[PDB]
Every structure is written in C-alpha cells, then in structure tokens.
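Working notes, structure below.
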Amino acid sequence: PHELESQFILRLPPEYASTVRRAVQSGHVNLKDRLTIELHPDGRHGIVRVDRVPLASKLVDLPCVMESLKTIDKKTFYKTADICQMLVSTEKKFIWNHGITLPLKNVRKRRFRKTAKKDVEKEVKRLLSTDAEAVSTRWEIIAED
Amino acid sequence: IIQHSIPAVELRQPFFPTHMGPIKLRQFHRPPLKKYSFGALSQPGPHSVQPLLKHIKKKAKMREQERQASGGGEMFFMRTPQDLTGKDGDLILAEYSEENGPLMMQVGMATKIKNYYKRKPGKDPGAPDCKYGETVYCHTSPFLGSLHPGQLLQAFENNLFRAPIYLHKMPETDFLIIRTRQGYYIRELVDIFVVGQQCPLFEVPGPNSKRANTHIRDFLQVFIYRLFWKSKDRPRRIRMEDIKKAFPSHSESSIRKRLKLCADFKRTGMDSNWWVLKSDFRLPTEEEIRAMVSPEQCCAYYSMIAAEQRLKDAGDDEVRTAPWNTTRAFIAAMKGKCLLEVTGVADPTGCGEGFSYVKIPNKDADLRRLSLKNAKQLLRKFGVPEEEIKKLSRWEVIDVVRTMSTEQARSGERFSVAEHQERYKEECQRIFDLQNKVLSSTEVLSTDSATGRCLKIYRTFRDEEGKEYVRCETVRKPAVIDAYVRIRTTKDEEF
C-alpha cells in the first residue's frame with residue numbers, strides 16, 4: 001500500500017539555522033551525523049541535536065494550513081502534502097498563534113473568525129461513564145452559590 | 001485543462017479516503033504526526049536526518065532525459081504514487097489566509113499559477129516577469145475587484161477555486177522535514193505563497209441533497225468496480241466485508257443495492273461467500289470509471305462533511321458561513337443572478353478584510369388644471385431654480401411640480417438599480433485592494449449562559465465491601481453543560 005508522507009517544519013535558533021543551512025546546501029552525508037531528531041513519548045516534546053549540541057523542542061500546531069506543491073515545469077503544481085505542525089527549537093502551549101509568513105502574525109487572534117475547539121466531547125464522555133456506573137442521578141440547574 | 005496525477009483521477013484511497021470519522025473530520029487537512037508501530041522510526045531514540053540534494057538533481061536530470069528522449073516537448077510525469085513525494089522536484093509552500101476554506105485540494109491534484117497583468121493605459125513596458133506561472137493579460141478582472149493599470153496579480157487557478165496568491169520569502173530559520181517510516185529527510189524552502197480569499201468555482205452540495213446522495217452512490221459504485229478490476233480469480237469475485245471496511249457508515253442494504261446489478265452472491269459450492277461478477281455484465285473500462293466520479297466532486301463532498309461536523313460540534317449565522325451556502329452565493333453572483341453583501345458574518349477574517357459570500361437581492365388632474373401661470377407661482381414657492389421656471393413648458397413644469405409632490409400619509413385605528421449595483425461594485429474593489437495590501441505587506445507585525453446558571457450532578461455509587469457514598473459534582477463550564485443536558489433531554493425522549 002501507499003502511506004501519505006508526513007511533512008512538518010523545523011524552526012531552529014538563528015546561528016544553528018545558519019549552520020544547518022550551510023550543511024544542507026553543501027550536500028554531503030556529514031550533515032546526517034551532525035543533525036539528529038529525538039521525539040519524546042509525550043508527542044509534543046523533543047531534542048534536535050545540531051553538531052551534537054542538544055536543543056529543546058516543542059511540536060506545535062499551526063493556525064493556518066500549508067500545502068507543499070511540487071512542480072517540474074514551474075507552470076503546473078501538484079499538491080504533495082499538508083503541513084500543520086512545526087518543531088520549534090531553542091494543550092494551549094502546543095498551539096502556535098502566529099503564521100509562518102510575515103503578513104500572518106497574530107492570525108489566530110485577529111484574522112480568524114471566532115471558531116470552537118472542535119475537548120468538550122471527551123469531557124462529556126468522561127461524565128457519561130460515571131453516570132452509567134452509578135445508581136441514582138440528580139440534575140439541578142443552579143444559581144449563585 | 002487541469003491534469004491531475006494518475007493516483008488522483010483514479011481516486012486511490014490513501015489520497016482520497018472512502019470514509020472519514022469524527023476525529024478525522026475535525027483534523028481535516030490538519031493531519032497530526034502519527035507514531036509508527038513498525039519501522040525504523042518506531043524504535044525510540046535519536047534519528048539522523050538525511051540530506052537529499054543528490055536525489056533531487058538525479059531525479060531532475062532523469063526527468064530531463066525522459067523529456068528529451070520523448071521529443072523535447074512538455075511531458076506528463078506524475079503517473080505513480082511515488083512521483084508525488086516531496087523528495088524531488090521544486091517544492092513551494094502555500095499558506096492559506098482563511099481557517100477553513102470552502103474548497104481545498106486533496107493530495108495528488110494539480111493547480112496552475114496564472115499571472116494576471118492589466119496593461120497601463122496606452123504604452124506599457126510589459127508584465128513584470130515572475131519566477132512561477134504563465135502570464136495572461138486580463139481586461140476583465142477574474143476576481144471581485146478590478147486590477148489597477150500596470151498591476152500584476154498572481155493566482156492559483158484550477159477547477160475548484162481561483163485565489164490570489166502572494167509570493168513571500170521563507171523565514172531564515174525554517175526547513176522542511178519529510179518523515180517516512182524509514183527516516184527523516186530535510187529540504188530547504190525558499191518560496192512561500194500566501195493564498196487570499198478563495199473565489200469558488202465549484203458548488204459544494206448541501207447535506208442530504210440530491211447531488212450529495214448521488215456522489216455517495218457513485219463513489220461506492222466506483223470503489224466496487226475497482227475492486228472487481230483488482231480481482232484475480234477469473235469470474236471476478238469480491239468480498240462484502242472489504243466494502244464494509246471501506247464504507248463502515250453505510251447500511252449494508254445500500255451496498256447490496258449497488259451489488260445487486262453487476263454481481264450475485266454464491267452461498268454454496270465454489271466461490272462460496274463471494275460476490276461473483278455476472279457473466280453478461282461488461283465491467284466498465286478505465287475511462288468510463290474515470291468519467292463516473294471527478295476528483296473535484298470528492299473535494300466538494302469532503303468540504304460538505306467537514307463543515308457538517310464543525311457545525312454539529314458547535315451546536316443561523318454559522319449556517320450562512322457553511323460552504324454550500326457560500327459557494328451557491330458566489331456562483332450565483334458570478335452569473336449575475338444576485339448580489340452579495342461584502343460586509344457580513346460569512347467574512348472568514350472576522351474583521352473588515354475579506355469578503356462575505358451570502359446572497360442579497362439585486363433590489364393628479366388638478367396639477368394639469370393649474371393653468372401654467374399658477375404652476376409657475378407654485379414652482380417659485382417651492383424653491384425650484386429659475387431655469388425650470390424660465391422654460392415654462394406646461395407639461396415639464398407640471399411634471400416637476402408632481403416630482404416635488406408634498407408626500408403625506410397616515411391611517412387611524414430612490415434608485416433601486418444603478419446606485420445599489422455601483423455601491424456593490426466599488427465596495428468589492430475596495431475590499432479586494434485592502435486584502436491585497438495586508439497580505440503583500442513585508443512589514444513586521446508586533447506580537448500582541450443566557451440564564452447565568454451552572455450545572456450540579458448528585459449521584460449514588462456502592463464502594464467495595466458495603467458502602468453507599470454520594471458524590472455531588474458541579475460543572476461551571478457552559479460548554480460542558482450544553483452537551484451534557486442536550487444528551488439528557490434527547491434520552492428523556494428516547495423512551
């Protein structure tokens with residue numbers, strides 16, 4: 001079978017980004033030893049090791065949706081993957097408010113129409129299980145108390 | 001004119017899914033980073049990324065050899081799923097301004113970049129040249145606004161939408177990591193476009209529509225035909241629970257309706273518990289199966305069911321922002337049926353930038369007995385200018401006095417065409433110009449219930465050995481409240 005490739009964006013500190021960029025544009029396999037990525041079983045934490053120097057990483061959710069588009073003639077472009085995550089290196093914390101481009105900054109706060117967390121469904125599933133495992137249940141809409 | 005990849009026009013499941021559940025509809029076009037169970041990345045630890053530069057230039061040299069061996073013209077290369085990897089070719093990135101667009105391309109589909117260039121009045125030097133796309137000279141603006149003289153605007157153009165794009169350079173810190181089961185791979189990116197508000201060219205169907213049910217039936221039929229083509233046994237035969245694995249929300253009556261014509265069930269003997277193909281039935285060829293369902297219809301269906309999920313999760317303003325309504329409104333506005341309020345609640349920005357695609361409609365005897373002279377004195381009394389009094393044309397003077405009128409009404413116990421159309425046209429251009437300026441800006445931007453009643457639930461459980469403790473739990477979140485009590489009210493009516 002075929003599994004859709006999973007592309008994400010890696011953001012590095014600027015000096016480490018310059019060393020990684022120089023090693024990528026060089027093209028040797030020396031970069032392969034120099035740059036490693038360890039993703040922790042949290043799923044939202046990691047180390048990126050540039051030249052064997054550890055950097056602390058967080059995999060965050062991006063507010064917009066990006067799409068990689070490949071081409072052979074620079075006139076027709078074929079969509080290859082959807083990018084929604086970024087492993088910035090240096091829950092609410094794992095959500096990035098800004099977009100990658102310069103015009104998109106504070107997009108989630110200003111350029112996004114109010115949208116719901118769809119979280120609440122999981123919380124309702126937790127309450128329903130407790131109700132069904134009880135004997136009696138007493139609902140009461142309340143006032144200030 | 002748009003030629004998608006052979007995985008896209010054949011509707012392969014990895015790229016075009018048969019069924020999307022609720023957690024996969026909430027993560028629509030935002031696929032999370034999945035953990036592998038088997039493979040090299042499934043083992044926990046540090047993993048080296050691998051630089052592909054030799055792979056990119058080897059594949060590009062190989063494709064140029066293929067093109068020059070085939071006569072040197074333009075070729076079609078995307079024939080396999082392995083052609084659609086990010087490991088080769090010139091990648092650009094494309095960011096979207098809206099959170100959830102009305103239409104969005106699946107993986108494997110093609111789009112074109114058109115550079116619309118309105119010439120200057122009289123002499124013009126020529127289109128400012130651009131790295132990507134082909135240039136076309138547009139007298140009639142494709143978008144809602146109109147291009148300025150000497151303004152080049154790039155745009156994504158395909159069968160799904162048409163949207164203005166703006167080339168920005170990438171950040172100096174960001175690279176692109178393509179992870180697969182075997183390892184990590186790294187590219188740099190240099191070009192990233194920002195895609196403005198889409199102008200939809202395909203109408204998303206509504207839920208339970210006739211077009212919606214027709215697409216569901218045709219998609220199931222195409223999947224059944226392609227399973228029959230993949231079958232190796234001579235009287236081609238399939239299994240029902242393959243289709244039940246692909247379409248699990250379908251009632252099996254509908255699947256048996258699709259299999260009733262073109263197949264029959266063998267219970268005993270050879271081919272037992274298989275749906276063999278009927279001997280008189282000619283299985284359709286590849287081009288007929290491609291003519292059954294189009295990929296853009298699948299994208300419109302995916303947009304409909306994703307919007308169905310988002311609306312369902314969020315408990316009439318939201319219903320107007322649903323893509324079937326907005327796509328119908330925009331396509332009707334493009335034929336000239338109706339106009340759109342460009343400021344409204346369907347605005348995907350939430351501020352004054354961007355448009356909203358929701359429909360608005362495009363919409364006494366004695367005066368003659370005045371005997372010219374007294375009508376002249378009346379026109380003098382009302383304050384009519386002396387030119388109209390001076391011509392003194394009986395019929396014109398009476399018509400002007402009738403136009404002056406005096407109104408009045410009470411009981412007891414005015415352009416409707418040009419002005420309305422002109423205001424809509426100017427506002428569309430103003431919003432379009434504002435959207436272009438905000439997205440183009442390389443300027444850095446500084447980082448920045450009704451009842452008032454909570455819900456309390458008391459209960460009764462039995463502890464180990466013998467006990468009867470009661471727990472009183474108070475829910476102060478109005479969101480948890482609504483979902484909780486909605487289910488309770490539904491249950492009160494399930495019996």
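Ordering of the structure tokens sets the chain letters (A, B, ...); residue numbers start at 1 within each chain; ligands are numbered from 1 in the order shown.
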Spatial neighbours of segment 98-102 of chain A, max dist 9 Å, only C-alpha atoms, sep filter under 3 positions, as a short mmCIF file (atom, residue, chain, number, x, y, z; two decimals) with C-alpha atoms, in the first residue's frame:
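The resulting file, out17.cif, is reproduced below:
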data_model
loop_
_atom_site.label_atom_id
_atom_site.label_comp_id
_atom_site.auth_asym_id
_atom_site.auth_seq_id
_atom_site.Cartn_x
_atom_site.Cartn_y
_atom_site.Cartn_z
CA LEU A 62 -0.03 25.96 13.24
CA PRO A 63 -3.09 28.21 12.85
CA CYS A 64 -3.29 28.10 9.05
CA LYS A 105 1.10 37.37 12.59
CA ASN A 106 -1.44 37.11 15.43
CA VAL A 107 -3.66 35.39 12.76
CA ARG A 108 -5.45 33.21 15.33
CA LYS A 109 -6.30 36.28 17.48
CA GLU B 95 -0.24 29.12 3.20
CA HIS B 168 6.91 35.83 0.21
CA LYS B 169 10.41 34.68 1.01
CA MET B 170 10.76 31.97 3.62
CA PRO B 171 12.00 32.65 7.16
CA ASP B 174 12.65 27.16 8.88
CA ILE B 192 6.14 30.51 0.19
CA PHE B 193 2.91 31.93 -1.17
CA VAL B 194 0.09 33.38 0.89
CA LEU B 439 -1.24 40.09 2.60
CA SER B 440 1.57 41.67 0.47
CA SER B 441 2.97 43.73 3.43
CA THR B 442 6.54 42.58 4.32
CA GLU B 443 6.19 44.93 7.35
CA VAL B 444 6.98 43.12 10.66
CA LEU B 445 3.89 42.87 12.94
CA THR B 447 3.45 40.03 18.81
#
| request: Would you mind writing down, as a ChimeraX atom specification, each residue of segment 98-279 of chain B that DSSP on the backbone assigns to alpha helix (DSSP H)? | output: /B:210-229,240-246,252-260
| message | Quick one: residues within 9 Å of residue 397 of chain B, only C-alpha atoms, excluding same-chain residues fewer than 3 positions away - as a PyMOL selection string? | response | chain B and resi 372+375-376+379+388-389+391-394+400-402
| request: Using only C-alpha atoms, determine which residues lie at most 6 Å from residue 111 of chain B, disregarding the query and same-chain residues fewer than 6 positions distant; provide the list as a list in words. | output: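 In the requested format, the answer is residues 76 and 77 of chain A; 157 and 158 of chain B.
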Please, which residues in segment 303-351 of chain B fall within 10 Å of segment 428-437 of chain B when counting only C-alpha atoms, and what is the closest atom pair and distance in Å to one decimal for each, ordered by chain then residue number, as CSV?
residue,atom,partner,partner_atom,distance
B:340,CA,B:428,CA,9.4
B:341,CA,B:428,CA,9.3
B:342,CA,B:428,CA,6.6
B:343,CA,B:431,CA,9.1
Would you write out those residues with C-alpha atoms, as a PDB file, in the first residue's frame?
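What landed in out_4.pdb:
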ATOM      1  CA  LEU B 340     -23.560  39.695  -2.170  1.00  0.00           C
ATOM      2  CA  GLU B 341     -23.226  41.765   0.955  1.00  0.00           C
ATOM      3  CA  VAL B 342     -19.461  42.135   1.044  1.00  0.00           C
ATOM      4  CA  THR B 343     -19.532  43.047   4.736  1.00  0.00           C
TER       5      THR B 343
END
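When the distance limit is 9 Å and only C-alpha atoms are what count, the residues near residue 112 of chain A, minus those fewer than 4 positions from it on the same chain, are residues 63, 107 and 108 of chain A; 97, 98, 99, 348, 349, 350 and 351 of chain B.
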For the residues in that selection, give me C-alpha atoms as a PDB file, in the first residue's frame.
ATOM      1  CA  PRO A  63      -3.089  28.212  12.854  1.00  0.00           C
ATOM      2  CA  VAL A 107      -3.659  35.394  12.761  1.00  0.00           C
ATOM      3  CA  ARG A 108      -5.451  33.214  15.328  1.00  0.00           C
TER       4      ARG A 108
ATOM      5  CA  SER B  97      -5.434  33.024   4.992  1.00  0.00           C
ATOM      6  CA  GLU B  98      -8.791  31.523   5.974  1.00  0.00           C
ATOM      7  CA  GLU B  99      -9.011  28.855   8.653  1.00  0.00           C
ATOM      8  CA  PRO B 348     -13.675  34.463   7.137  1.00  0.00           C
ATOM      9  CA  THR B 349     -11.391  37.091   8.678  1.00  0.00           C
ATOM     10  CA  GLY B 350     -13.759  38.350  11.352  1.00  0.00           C
ATOM     11  CA  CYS B 351     -12.671  41.924  10.602  1.00  0.00           C
TER      12      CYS B 351
END
| query | How many Å separate atom CA of residue 330 of chain B from atom CA of residue 200 of chain B? | reply | 6.9 Å
| task | Quick one: pull the distance between atom CA of residue 139 of chain A and atom CA of residue 485 of chain B, Å, one decimal. | result |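 Atom CA of residue 139 of chain A sits 8.9 Å away from atom CA of residue 485 of chain B.
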| task | Skip segment 117-127 of chain B itself and residues of its chain fewer than 5 positions away, then list as number ranges by chain all residues within 8 Å of it, counting only C-alpha atoms. | result | B: 135-139, 147-153
Please dump the current selection as a PDB file, in the first residue's frame; keep N, CA and C atoms.
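Done, and the output landed in again_20.pdb:
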ATOM      1  N   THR B 135       1.911  34.153 -17.741  1.00  0.00           N
ATOM      2  CA  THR B 135       1.276  35.460 -17.692  1.00  0.00           C
ATOM      3  C   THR B 135       0.129  35.533 -18.684  1.00  0.00           C
ATOM      4  N   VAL B 136      -0.956  36.179 -18.268  1.00  0.00           N
ATOM      5  CA  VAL B 136      -2.114  36.424 -19.117  1.00  0.00           C
ATOM      6  C   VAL B 136      -2.569  37.847 -18.879  1.00  0.00           C
ATOM      7  N   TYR B 137      -2.980  38.513 -19.958  1.00  0.00           N
ATOM      8  CA  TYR B 137      -3.384  39.932 -19.872  1.00  0.00           C
ATOM      9  C   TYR B 137      -4.882  40.017 -19.642  1.00  0.00           C
ATOM     10  N   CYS B 138      -5.313  40.436 -18.455  1.00  0.00           N
ATOM     11  CA  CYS B 138      -6.760  40.396 -18.118  1.00  0.00           C
ATOM     12  C   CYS B 138      -7.429  41.761 -18.194  1.00  0.00           C
ATOM     13  N   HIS B 139      -8.196  42.004 -19.252  1.00  0.00           N
ATOM     14  CA  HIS B 139      -9.000  43.243 -19.314  1.00  0.00           C
ATOM     15  C   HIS B 139     -10.129  43.101 -18.293  1.00  0.00           C
ATOM     16  N   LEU B 147      -8.345  44.987 -11.436  1.00  0.00           N
ATOM     17  CA  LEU B 147      -6.918  45.258 -11.363  1.00  0.00           C
ATOM     18  C   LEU B 147      -6.629  46.707 -11.725  1.00  0.00           C
ATOM     19  N   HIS B 148      -5.634  47.280 -11.067  1.00  0.00           N
ATOM     20  CA  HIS B 148      -5.160  48.600 -11.431  1.00  0.00           C
ATOM     21  C   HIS B 148      -4.380  48.516 -12.742  1.00  0.00           C
ATOM     22  N   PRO B 149      -4.231  49.627 -13.460  1.00  0.00           N
ATOM     23  CA  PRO B 149      -3.347  49.618 -14.632  1.00  0.00           C
ATOM     24  C   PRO B 149      -1.892  49.423 -14.229  1.00  0.00           C
ATOM     25  N   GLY B 150      -1.258  48.429 -14.840  1.00  0.00           N
ATOM     26  CA  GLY B 150       0.115  48.115 -14.507  1.00  0.00           C
ATOM     27  C   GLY B 150       0.287  47.273 -13.276  1.00  0.00           C
ATOM     28  N   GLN B 151      -0.752  46.569 -12.844  1.00  0.00           N
ATOM     29  CA  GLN B 151      -0.691  45.737 -11.655  1.00  0.00           C
ATOM     30  C   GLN B 151      -0.754  44.271 -12.063  1.00  0.00           C
ATOM     31  N   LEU B 152       0.275  43.518 -11.701  1.00  0.00           N
ATOM     32  CA  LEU B 152       0.311  42.077 -11.883  1.00  0.00           C
ATOM     33  C   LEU B 152      -0.091  41.389 -10.587  1.00  0.00           C
ATOM     34  N   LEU B 153      -1.051  40.473 -10.688  1.00  0.00           N
ATOM     35  CA  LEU B 153      -1.518  39.692  -9.552  1.00  0.00           C
ATOM     36  C   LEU B 153      -1.437  38.223  -9.913  1.00  0.00           C
TER      37      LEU B 153
END
| Near residue 120 of chain A, within 8 Å and counting only C-alpha atoms, which residues show up once chain neighbours fewer than 5 positions away are dropped, as a list in words? |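 Skipping anything fewer than 5 positions along the chain leaves residues 479, 480 and 483 of chain B.
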| said: Let me make sure I understand: among B:481, B:316, B:179, B:457, which one has the smallest atom-to-atom distance to residue 41 of chain B if we use only C-alpha atoms? | reply: B:179
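Atom CA of residue 39 of chain A lies 15.0 Å from atom CA of residue 39 of chain B.
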| message | Using DSSP secondary structure from the backbone, list all strand (DSSP E) positions within segment 84-132 of chain A, as a ChimeraX atom specification. | response | /A:84-89
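In terms of minimum interatomic distance to chain B, A:5 ranks closest within A:119, A:5, A:42, A:145, counting only C-alpha atoms.
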